[PDB]
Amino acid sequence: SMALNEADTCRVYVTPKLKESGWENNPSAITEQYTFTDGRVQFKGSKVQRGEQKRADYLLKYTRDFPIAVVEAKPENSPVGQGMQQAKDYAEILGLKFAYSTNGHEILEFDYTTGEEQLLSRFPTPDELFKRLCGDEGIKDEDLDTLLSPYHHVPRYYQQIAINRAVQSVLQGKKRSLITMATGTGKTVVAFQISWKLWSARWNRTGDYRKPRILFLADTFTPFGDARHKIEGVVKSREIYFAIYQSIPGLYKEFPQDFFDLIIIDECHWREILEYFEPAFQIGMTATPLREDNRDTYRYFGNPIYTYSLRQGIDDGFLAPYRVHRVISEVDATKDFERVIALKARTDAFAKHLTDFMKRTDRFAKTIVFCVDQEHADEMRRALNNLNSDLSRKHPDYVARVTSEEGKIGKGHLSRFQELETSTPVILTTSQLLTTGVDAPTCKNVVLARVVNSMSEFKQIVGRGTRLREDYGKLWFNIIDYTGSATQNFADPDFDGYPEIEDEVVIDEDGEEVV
C-alpha cells in the first residue's frame, strides 16, 4: 500500500536514473514503451483479430538511428533478477548487446559482450556502452562516422538489425556477407539504407575521401539521383549502379575489377561477375534459409549475419498467416514423371474442386494457380472459365493465363491483377513465371497443381500470399494443395512456423469430395 506501481517506480526511480546517466542528452534518447511489432493476426471463434503487439519498457538509443540497450522495469517491491530473462529476450530480438532489469533501487545487467551478469550502482552512460560495443566488434575510430551515418528518413526493427550488421560487417573487413529475409519483408529497404549509410559517409575500400561505387543487381532510390545509373543497351562516371543479369555480352568487363567498392545482390539463389569483381565488398540477400537445394549460396557467402523468417514475420504481424487444404485423389488412399501425368490428367477435377471451394467462400478472392507447364495453364484457364461462365459472361477476364507465351497481353492481365482496387482477373494460371513474377498483396488463394522440384521454389510460391493488406481485407490466405504431397514434402516449421489450420480431403475423379 506504500508500495509503488511499476509505473510509479519508473517515474520515481527508473527514468530519473536513466537521465542522470545521460540517455536524454542529444544525440542519445530514451523511448519508453517502445512498440515495434504490429500484432500477430489471430483467430477467435469464427472471427479474426491481431493480439500480440511487442513492447519494451525502455529502449536506449545511442543515436536516433542507433539503438543500443533495453530495460525491463518492475515494481520496487519485486526482486530484480525477475525481469532478466525477459530483458535478455528483447535484447536478442532487437539485436542489442546490453540488457537491464530494474526495480527502481536495483539494476541488473547482462552484457552480451562479456557474458557477465551483475548488479550495478547505476546505469552505464551512452558513451560507456558504445565504447564497449565498438571494442567487442572491433571498429576503428576512423569508421565511427560510417557506423553512425544517419538513415534516410520520412525502417522496422528487423530491417535495422540487418542494415547495421551489414555496415558493421563491411567495417570489419568481411568481403562476403549473407542476409536471409522472408519475401515481402523489405530487402530493398535494407539494400537502400546500407548504400545510403556508406555512401553519404564517404566510405570506401581504399579509405580516401571519394564516394563509394555501388552496384545493385537483381532481375525508393530517388534520394541518390544523378549518382544513379542503370546499365542498359557503359558509363564509368556515375556512383550508384543498377543492373539486371540480362543486361550485364559480358558488358561488365568494360569496368575494371576494382571499380566498385560494394555490390549488393537482390537474390543469391553470375558467379563470374562476382568472382570478376573481387575485391569489391559483396552483400548477398536471399529469401530462403540453408536447405537442400541452397548450399552453394551459403558456401560462397557464408552463414547469414541475420535471418528474418516467415515465422517471425507472421508472429510480428508483418506477414500473413495461412491455412493448408491438402487435396488428394481417391485412387491414392512413387515416381516423378508420372507425377505430372496424373496432374495434367486431373485438370478438370481440380478445376471443379477449386470452383466449388470458391463458391462456398469468395468467388472474387484473387487466386493464382501454379500448373505443370504453359500448356497446362491454358487448359486450366479454359476449364475454370467454363466452370464460372456465369461470371465470365460479366467479366471476360475472370480467369487469365500469365505465361511467357502470352507476352504483352499476359503482362496486361498480371498488371491489373496486382492492383488493390480492381476486381478482375480473379484467377491467374501460370507455370513458372509467377513464382517470383507476382507482387499482388490482395492475393487470397495460392493453388498448387504442379510438381515443385525445390525448397526455394516452394517458398517462392507460398510467398505469393504472405503479404498483408488489412486495408483491403487481406489478413491471411489459403494454400490449396492438389499435388497431395508438396505441403508435406516441403514442410518447414523452423522457417515457416505451423499453419493455423491444416486439413486434408479425398476427392474422386470428378473433383467431388468423398467420405
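Residue numbers here begin at 1 and follow the sequence given.
A.B. asks: Note how many residues of the deposited chain are left out of the model between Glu421 and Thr422; the options are none, 1 to 3, 4 to 9, and 10 or more.
C.D. replies: Gap size class: none, per the record.
A.B. asks: Between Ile248 and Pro249, count the deposited residues left without coordinates and pick a bin: none, 1 to 3, 4 to 9, 10 or more.
C.D. replies: In the record, 4 to 9 residues between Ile248 and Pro249 lack coordinates.
A.B. asks: Take the C-alpha B-factors listed in the entry for 67 to 75 and for 223 to 231, compute each mean, and give the stretch with the larger one.
C.D. replies: So the stretch with the higher mean C-alpha B-factor is 223 to 231.
A.B. asks: Should the higher mean CA B-factor in the entry be assigned to 282 to 290 or to 428 to 436?
C.D. replies: Result: 428 to 436.
A.B. asks: Between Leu354, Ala166, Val324, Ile273, where does the Cα B-factor run highest in the record?
C.D. replies: Comparing C-alpha B-factors across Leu354, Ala166, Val324, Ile273, the maximum falls on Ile273.
A.B. asks: With respect to the C-alpha temperature factors reported in the PDB entry, which of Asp127, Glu117, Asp373, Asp136 ranks highest?
C.D. replies: So the option with the highest C-alpha B-factor is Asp136.
A.B. asks: Pull the Cα B-factor of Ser329 out of the PDB entry and bin it into the chain's lowest, middle or highest third.
C.D. replies: Within its chain, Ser329 is a highest-third residue by C-alpha B-factor, going by the deposited values.
A.B. asks: Within this chain's modelled residues, let me know which third the CA B factor of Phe458 belongs to: lowest, middle or highest.
C.D. replies: Lowest third of the chain for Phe458's C-alpha B-factor.
A.B. asks: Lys411: which third of its chain by C-alpha temperature factor?
C.D. replies: CA B-factor rank for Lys411: lowest third.
A.B. asks: Sorting the chain's modelled residues by C-alpha B-factor, tell me whether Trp196 ends up in the lowest, middle or highest third.
C.D. replies: Its C-alpha B-factor, which the entry lists for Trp196, ranks in the middle third among residues of this chain.
A.B. asks: By the record's CA B-factor, is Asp390 among the lowest, middle or highest third of residues in the chain?
C.D. replies: Within its chain, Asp390 is a middle-third residue by C-alpha B-factor, going by the deposited values.
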